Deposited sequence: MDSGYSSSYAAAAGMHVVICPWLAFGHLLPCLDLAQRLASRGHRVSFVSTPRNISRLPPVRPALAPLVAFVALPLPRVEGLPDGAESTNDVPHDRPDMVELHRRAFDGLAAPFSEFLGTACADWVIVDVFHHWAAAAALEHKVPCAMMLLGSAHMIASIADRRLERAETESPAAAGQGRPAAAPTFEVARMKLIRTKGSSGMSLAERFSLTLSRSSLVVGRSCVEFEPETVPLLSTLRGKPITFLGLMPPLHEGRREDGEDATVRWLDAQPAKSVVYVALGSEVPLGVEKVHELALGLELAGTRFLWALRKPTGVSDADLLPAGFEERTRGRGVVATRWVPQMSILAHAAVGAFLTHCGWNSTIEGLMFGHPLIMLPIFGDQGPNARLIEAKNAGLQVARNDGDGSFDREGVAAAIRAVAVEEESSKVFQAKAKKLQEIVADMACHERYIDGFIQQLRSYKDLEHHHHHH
């Protein structure tokens, strides 16, 4: 088959879509990976053996006054500048005509579109190509969308209405409580393509990255890795509470931190924090090799925002989770793993959802420091790792997904 894949302009979408493209090409399918040029330029390289089977189709983002040239992804357009989020949405929707032109002559068997691709779904209908909508999260999250407790909701609803199939990233082995209960979303069949845990070969990072050389100098399971994915906002006041919570709990840490918009370098972290913690902690204000870090012997707990990629990556390497969900599917993901006893959420105010250094330190202590509770979280995370890291199981689910596309 020729499968056209259209990821949302966000690294939590681009990365698993690139892995799915290579899983399809590995089984002898042709893939057109449709995105914007700077986003494509920032992706890990395709395996040389698959080079002719994964075609990158670069559609330039239209120019929108006030949207920087090159600001193509949610990693570039900050959530703390909602006016720019809106300009990026307008630019994204401007891809409609170039995409429809491409699809007309593509000889596509399937279009697989992401959560806001209402125009790509419209093009699939126009060109009589079946359309699958990606909702590459947990079964628990898909259940939440079915029973929740243009606007974003309208963009999603319209994309779903024009699709024939909804694609989740889980399996009955991981969510036996939920997967058997799900049949349809807006009357469209739900299919699960497994957890699709990533591969080092697919995420080609540097094993000589400064963060990995620092981890090399720390003893086994001694380091709390801290990362909140590629896009969620965390304002400077919240950065300081997270910093001081890490300091007070006293563990070694490696922290991949994105800067809030318009915050000075001198203001980013608490006064003297970097000096006081220099001996036990590293803050990297750049993209880090997360797969190399989570695969590293020095990492024990993972302080995660519970993005679905990070949840799967943490558990595939048997890390218990210290969970700080920010938006979207992160709350449901955090509650799902808490219910599996493999991590604990940082306390949040029942009112404004705020956290402080005491809540951060208490969660770190419970998961990573206190002998008895940390031992149990570690054992429970290892039980989940048995399911998450079963690569043969998740490859069988990809085969099943391809059979669904045929049927």
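In sequence order, the gaps in C-alpha coverage of the deposited chain fall at 1-14, 164-201, 460-470.
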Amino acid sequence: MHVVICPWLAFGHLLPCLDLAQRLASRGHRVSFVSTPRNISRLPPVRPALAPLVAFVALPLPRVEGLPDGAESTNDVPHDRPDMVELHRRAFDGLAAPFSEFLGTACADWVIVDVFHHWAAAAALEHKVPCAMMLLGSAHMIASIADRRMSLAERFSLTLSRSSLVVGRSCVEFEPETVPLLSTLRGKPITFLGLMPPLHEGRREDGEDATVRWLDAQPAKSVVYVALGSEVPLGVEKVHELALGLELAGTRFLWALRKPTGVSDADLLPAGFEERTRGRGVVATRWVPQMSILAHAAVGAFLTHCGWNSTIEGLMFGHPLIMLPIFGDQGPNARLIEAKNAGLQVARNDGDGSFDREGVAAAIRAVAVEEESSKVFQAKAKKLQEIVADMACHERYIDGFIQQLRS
From here on, numbers count along this sequence of modelled residues.
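Residue 149, present in the displayed chain, goes without coordinates in a third or more of the other PDB entries compared that cover both sides of it. Mean CA temperature factor is higher for 374-382 when stretches 30-38 and 374-382 are set side by side in the entry. Per the PDB record, of the two stretches 119-127 and 188-196, 119-127 carries the greater mean B-factor over its C-alpha atoms. Note on 74, 333, 164, 290: the highest value goes to 164, judged by CA B factor as recorded.
As recorded in the entry, 265 carries the highest CA temperature factor of 231, 265, 313, 247. Compared with the other modelled residues of the chain, the Cα B-factor recorded for residue 61 ranks in the highest third. Per-chain ranking of the deposited C-alpha B factor places residue 369 in the highest third. Sort the modelled residues of the chain by CA B factor and residue 102 lands in the highest third. When the modelled residues of the chain are ordered by C-alpha B-factor, residue 342 sits in the middle third. In the deposited entry, the Cα temperature factor of residue 150 places it in the highest third of its chain's modelled residues.
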